[PDB]
Amino acid sequence: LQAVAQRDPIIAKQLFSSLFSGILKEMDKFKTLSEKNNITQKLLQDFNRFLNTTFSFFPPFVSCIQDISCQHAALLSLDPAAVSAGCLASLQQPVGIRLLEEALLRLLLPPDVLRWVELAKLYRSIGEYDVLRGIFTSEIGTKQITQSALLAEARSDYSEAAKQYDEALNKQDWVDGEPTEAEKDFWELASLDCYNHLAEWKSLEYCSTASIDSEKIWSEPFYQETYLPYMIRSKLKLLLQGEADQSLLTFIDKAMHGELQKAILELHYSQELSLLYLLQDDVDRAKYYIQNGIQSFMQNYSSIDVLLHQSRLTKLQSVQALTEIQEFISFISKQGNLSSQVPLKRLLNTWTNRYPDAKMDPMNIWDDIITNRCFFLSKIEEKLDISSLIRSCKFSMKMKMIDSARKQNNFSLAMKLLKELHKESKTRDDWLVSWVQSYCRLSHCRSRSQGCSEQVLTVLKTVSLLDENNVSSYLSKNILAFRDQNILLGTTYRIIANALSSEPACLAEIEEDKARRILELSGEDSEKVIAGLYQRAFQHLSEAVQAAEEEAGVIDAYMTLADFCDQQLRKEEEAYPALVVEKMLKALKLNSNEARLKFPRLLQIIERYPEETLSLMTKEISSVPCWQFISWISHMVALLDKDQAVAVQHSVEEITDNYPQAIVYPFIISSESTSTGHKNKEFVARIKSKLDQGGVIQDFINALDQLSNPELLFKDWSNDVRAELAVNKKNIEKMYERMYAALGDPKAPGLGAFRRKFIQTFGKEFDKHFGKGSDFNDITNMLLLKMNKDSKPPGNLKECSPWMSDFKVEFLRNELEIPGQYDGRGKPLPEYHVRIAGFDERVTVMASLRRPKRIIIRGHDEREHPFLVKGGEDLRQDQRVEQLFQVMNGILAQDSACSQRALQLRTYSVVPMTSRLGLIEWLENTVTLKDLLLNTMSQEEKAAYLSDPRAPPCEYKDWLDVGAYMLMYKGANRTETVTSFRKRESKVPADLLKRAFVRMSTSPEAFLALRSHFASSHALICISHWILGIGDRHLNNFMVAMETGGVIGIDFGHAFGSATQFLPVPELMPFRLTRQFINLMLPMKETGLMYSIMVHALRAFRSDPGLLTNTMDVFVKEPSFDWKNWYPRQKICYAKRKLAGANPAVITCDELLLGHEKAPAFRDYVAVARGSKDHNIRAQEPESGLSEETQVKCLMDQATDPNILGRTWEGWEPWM
Amino acid sequence: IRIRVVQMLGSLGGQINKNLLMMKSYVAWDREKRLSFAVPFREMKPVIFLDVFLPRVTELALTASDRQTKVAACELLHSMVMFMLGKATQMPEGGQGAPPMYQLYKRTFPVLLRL
Amino acid sequence: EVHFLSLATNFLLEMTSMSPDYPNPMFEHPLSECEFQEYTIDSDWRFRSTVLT
């Protein structure tokens, strides 16, 4: 232990912290509280000294100090400022965050704002901003001008943020006036950050701040110590730009005297010292310092931990910054660079200087590499046709700059620098026009939310710079150049036309300008103008598409044209689509998910306009790129029986012919269903003839039914016969025959133990009862149910199937595959995949209304396959739900923000064999939350406090029993609402989620990442199922896997937007929320990361309506499902209203009106749907079409709280 | 070697270096501190849980230069596993069978054999 | 600061020498009735590279 502790700092820190904690837990056994308090004060002073006296920042050392602090609450009272400074300097942000937040929590206004604001610093040290607004949306935020600047920088605004912070600091008189010093310090720090973001040399002079208040001469103030990196970055950028002030050089010379100042300088600033020495032409010292920086940053990288991934990214930035300058100095005087034009310099600069950190490594790294490369090039020419090559290299550098900034959707650009780029670009046509599309793409990305009036004001600043004199350099460039010109022209035409149509009273439309006249010319009546604009946009989209065809990018042109024309049809709806859907199919001919997702839209446009599609489709017999359309086969496998356009049958029969499996169960579920219908009859006959050895699969399904309870099947049959009797004696005859084959026969294919005797003991009695084919049916049902309820399989082994009892997989019988994992997206499916071979049989039976059957199976490659068996319900709607889960996950993928936020959803597979018998996969790494919290909290309490005083004391007497809940819903009021709710949370402890999360937490930052991932997953689930209109009755409808803390939504048996629509028990919740979902991390108020997740999700969803409507209902949307507990048109209307922006309370009232209007106190229920509080009723002011933030916040506030406070069922466990 | 490593890393550029770093590959091996050690002394015997060290030393026993450090880490891993295997024998930890350090066994034994 | 924690840990470790159980074993009970004989370990400047007879 001692032989290794000195060798590795990390193990030394772990050992030291562990032994400290152990000795502290040991000493109190014989020490009094006064002694312990005195020791605590002494050690707090010691740690304050350590942090305030250290010049170096050893990550293990400071991390161990922070860990020791976080071990004990008594220690959790150290100086926040020193901790913040050390963690920021030593890149130990997360542990500092954890200790600071828990110190705030244990400290329980008090000026905790102090430890708040410094906390916020680390948050934008890690680039996290929603927690920042969550801080300022409280009384913690003293000046909301800082909140305004926060929301400004949220959209990457820096000039406006600089203005807000400057006017905050420059003004000292307010409604309260005199902000705290910490607030102003944070304001100026953010001003420094944005002046770095807008890294212009004059903006960097602002970043120099002129050392306000007349503040190693200036290295003494600690505020100036913080400013020092800003100061030196500004000064060095100005100097390398060409300045020769040498004031910073003199400062460096002064700092040279005093070993600590210069020592810190090479500790953190060696690379820029080498930069200056190169500017000083001091290659010797520059090389020395740069290799010193290499050593130091390598050591720091070795010190920091891997799962601090952002820290590793920053270290990569540092090391590449070192490497660019060192590789520059590596060839200064090594081959001859006075007149020897070695092409290596023209070679090493290529590939835009070898990956200039595209789409990642934010602006600072970008312009750092840019200035490094340009300085290197300038020096190379200084020591030295070739000038053209070096200028072109610089131009490529700056175009990487511009297009990167546009990729990050940056808007605080140097537009004047871009104009200078244009000025030097007009030197040659190609470089000029390249700058032209750079500028127009910038203007495109600038159209963000006000793009309507923004573009009507300036049409991309005279779109394409009015370069329609040298289009594609007089068409001398490639076909792609004119193709992109057509792309941009059609894009701006579409933008203008949609802006005018959406806002016929646009502010700049009324404005009289040459832009209005030229828009009229490109289109005076407004309808004529918009028609001409749309026509020209379509024409240029077609030109770009055909130019793309004549040579990836062609798929992109197809996407653009198809989306524009789908928009045209959608605005036309309340011939022309032929060629555009043909171009869509042409895109589909190349495997690409963005083209694949439009498949339901293609089906809808096929069926809505057959008059031309039935003629286009002659070439669509086999248009699959390689192998895809599997995810939607259900929507065709039942539509095949319908009189359906033939080529889709040809494609699907080819699919199921080369892939007999993965359609077998869809074909089984679609097998239950003239002049033209005989075509479908012969098609289904051909398909079922193409089916392979269905006898084994039928035996397997019969075995699964044998496992199912005959009592439940008889009850379902009785319900069906009662429903059908109320035509009769033919459907009654058919299902009577079914029942006779079920129980009436004294036999069953495959032998069980419960049903195997139930048949021979009750089927003949039933047949005697009913030779027919109401009350007598009820009497027979109650007489049969009061019999033996226990279900016994023939042991653990399944004799119900010979295949499961014996008869191992053989090549003669077509081996079955694991369900739901044979998907293709233009991909040849593997055949060494895992299939169904071997027996890992053990009957695991649960107890519920359906008693699900967890069945354990062995795989072809010896893998255990967990499957759950469900009884009578058409689960094809669940298959639709899973497919839409995949679709929305893809939508997250195509979204830039969600992909940057790394947003994805965990999904399972459901395979219903029949409506009366379905199968669902099981995961075996996930668990409910109830046990996961009951074990953490003491088991004695888990038993007692949850048995007696959990359900009774908060849900029954206040609602009094069953039935009295109705009358108390009539009698519900705000006062009893608040009283009952408060009694509910007082009845139950909290932070069990915290105890769990720390139970699988090894390091504080690991716990932080776990909580972040868990909260992100929960927010995604909530928005998903609320949009789906699917509730979850209670806590146990949510599983979570401990491998990555991934919660998964379970028990989605409710219909779309039907939780009280056909349910007498009210389930008006928007999502499953509890006090623990608040307890995930208390110092936060549910206005941060989950709120940003909601905003981004809805922003992505602002374009789905054109797609989801095409896929959520394609056939009937599961007929009779909305009446077995109605029109799918109502459901699609509600979905469109919700996705286009809607008031959630209005949605709840609409749902209550449909199928629940007749209930007593229906007016009371729709009133409490608006909210029991005025701060919940006020949601009238936001209405359909409202902003994303307004919709999500009102959904969080007025739809979630008041109902759970006042009106809830014990099954929901409102305490949970 | 490391000089040229950082050389090539910087010469490559960000678009490939980003590929240096899913489920997040963090599992927090054990839910319990079932491995413990009361340190000997003359006055008190505070108890130390050795679980947290088990993963770290693993890679330290696997990937580390300075052969002396490598062998020292392997020796410490030897000692720690050698002690912990005997701890379960003292008091039989419950479970479905005998999973006293089942998860720890799964984490350790494969890489133990690998080394 | 680099070595502070390491040196402190070493100081707290090697001072633990007067404890009576410090040289005692943790488990007087052998794992089973087995015969244990002293084992030696040898190292050199030799490692697996270009090996023949």
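Worth pointing out:
- Segment A:733-773, residues that are crowded, with 16+ Cβ neighbours inside 10 Å, among the small types (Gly, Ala, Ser) and over 22 Å from A:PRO793 (Cα atoms): A:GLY773
- Residues being farther than 14 Å from A:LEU91 by Cβ and surrounded by fewer than 18 Cβ atoms within 10 Å (Cβ to Cβ) - total across segment A:113-132: 2
- Only residues that are of a type outside the set (S, T, N, Q) and in a loop (DSSP other than H, G, I, E, B) were counted in segment A:629-663, giving 12.
- Selection count, segment A:1064-1079, where residues are part of a helix (DSSP H, G or I) and among the polar types (S, T, N, Q): 2
- Selection of helices (runs of 4 or more DSSP H) fully inside segment A:226-321 by the criterion of at least 3 residues being under 30 Å from B:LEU20 (Cα atoms) and within 14 Å of chain B (Cβ to nearest Cβ) returns A:259-279, A:283-303.
- Segment A:533-551 residues that are assigned to a loop (DSSP other than H, G, I, E, B), paired with ones that are of a type outside the set (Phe, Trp, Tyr) (beta carbon under 6 Å, 6 or more apart): A:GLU550/A:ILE479
- Residues in segment A:774-792 that are in a loop (DSSP other than H, G, I, E, B) and of a type in the set (A, V, I, L, M): A:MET787 only.
- Applying the criterion of at least 1 residues that are acidic (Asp, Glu) and surrounded by 16 or more Cβ atoms within 10 Å (Cβ to Cβ) to the strands (runs of 3 or more DSSP E) found wholly in segment A:849-968 leaves A:917-921.
- Listed conditions (1) closer than 23 Å to A:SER17 by Cα; (2) facing chain A (nearest Cβ under 8 Å) are all met by B:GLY14, apart from (1).
- Qualifying residue in segment A:51-58 (condition: buried (at least 21 other Cβ atoms within 10 Å of the Cβ) and within 14 Å of chain B (Cβ to nearest Cβ)): no
- Pairs where the first residue, in segment A:341-357, is within 12 Å of chain B (Cβ to nearest Cβ) and the second is assigned to a loop (DSSP other than H, G, I, E, B) and surrounded by 19 or more Cβ atoms within 10 Å (Cβ to Cβ), C-beta under 8 Å, 6+ apart: A:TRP351/B:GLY13; A:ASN353/B:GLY13; A:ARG354/B:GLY13; A:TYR355/B:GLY13; A:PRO356/B:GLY13; A:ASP357/B:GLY13
- Cross-chain or 6+ apart pairs with Cβ under 6 Å, segment A:92-111 first and over 14 Å from A:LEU1008 (Cβ atoms), then among the acidic types (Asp, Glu): A:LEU104/A:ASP112
- Those residues of segment A:1118-1127 which are over 16 Å from A:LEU1153 (Cα atoms) and either within 31 Å of the chain's Cα centre (by Cα) or crowded, with 19+ Cβ neighbours inside 10 Å (or both), in sequence order: A:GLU1118, A:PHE1121
- Only one of B:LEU77, B:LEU60, B:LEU54 that is more than 7 Å from chain A (Cβ to nearest Cβ), buried (at least 17 other Cβ atoms within 10 Å of the Cβ), under 19 Å from the mean Cα position of the chain (by Cα) and within 29 Å of A:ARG1011 (Cβ to Cβ): B:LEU54
- Answer residue from segment A:988-1033, given it is in a helix (DSSP H, G or I), under 30 Å from A:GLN877 (Cα atoms) and aliphatic (A, V, I, L, M) and is nearest to the other protein chains (Cβ to nearest Cβ) among those: A:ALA1015
- Meeting the requirement of 2 or more residues that are of a type in the set (A, V, I, L, M) and out of contact with any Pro (no Cβ under 8 Å at 6 or more places or on another chain), the helices (runs of 4 or more DSSP H) wholly within segment A:333-385 are A:343-348, A:363-383.
- Exclusive hit being within 11 Å of chain B (Cβ to nearest Cβ) and in a helix (DSSP H, G or I), set C:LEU7, C:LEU31, C:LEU12: C:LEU12
- All positions within segment A:1152-1205 that are hydroxyl-bearing (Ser, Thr, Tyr) and either farther than 17 Å from A:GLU976 by Cα or within 33 Å of the chain's Cα centre (by Cα) (or both): A:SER1172, A:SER1184, A:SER1187, A:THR1190, A:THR1200
- Candidate set from segment A:1061-1117 (those that are charged (D, E, K, R) and at negative phi); member that is nearest to the chain's Cα centre (by Cα): A:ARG1099
- Residues of segment A:1039-1060 classified as of a type in the set (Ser, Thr, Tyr) and within 24 Å of the chain's Cα centre (by Cα), total: 1
- Count - residues of segment A:1084-1106 that are assigned to a helix (DSSP H, G or I) and of a type outside the set (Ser, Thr, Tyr): 13
- Sole exception among (1) facing chain B (nearest Cβ under 9 Å); (2) surrounded by 15 or more Cβ atoms within 10 Å (Cβ to Cβ) for A:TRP366, by number: (1)
- Looking across A:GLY1057, A:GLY1045, A:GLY1049, one residue alone is buried (at least 21 other Cβ atoms within 10 Å of the Cβ) and within 14 Å of chain B (Cβ to nearest Cβ). It is A:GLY1045.
- Looking only at segment B:17-38, and only at residues there that are buried (at least 18 other Cβ atoms within 10 Å of the Cβ) and facing chain A (nearest Cβ under 7 Å), the one that is farthest from B:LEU85 (Cα to Cα): B:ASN17
All Cβ positions, even for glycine, are placed from backbone atoms using ideal geometry, and neighbour counts span all protein chains on display. None of the figures in this text is laboratory data; all of them are computed from the coordinates on show.
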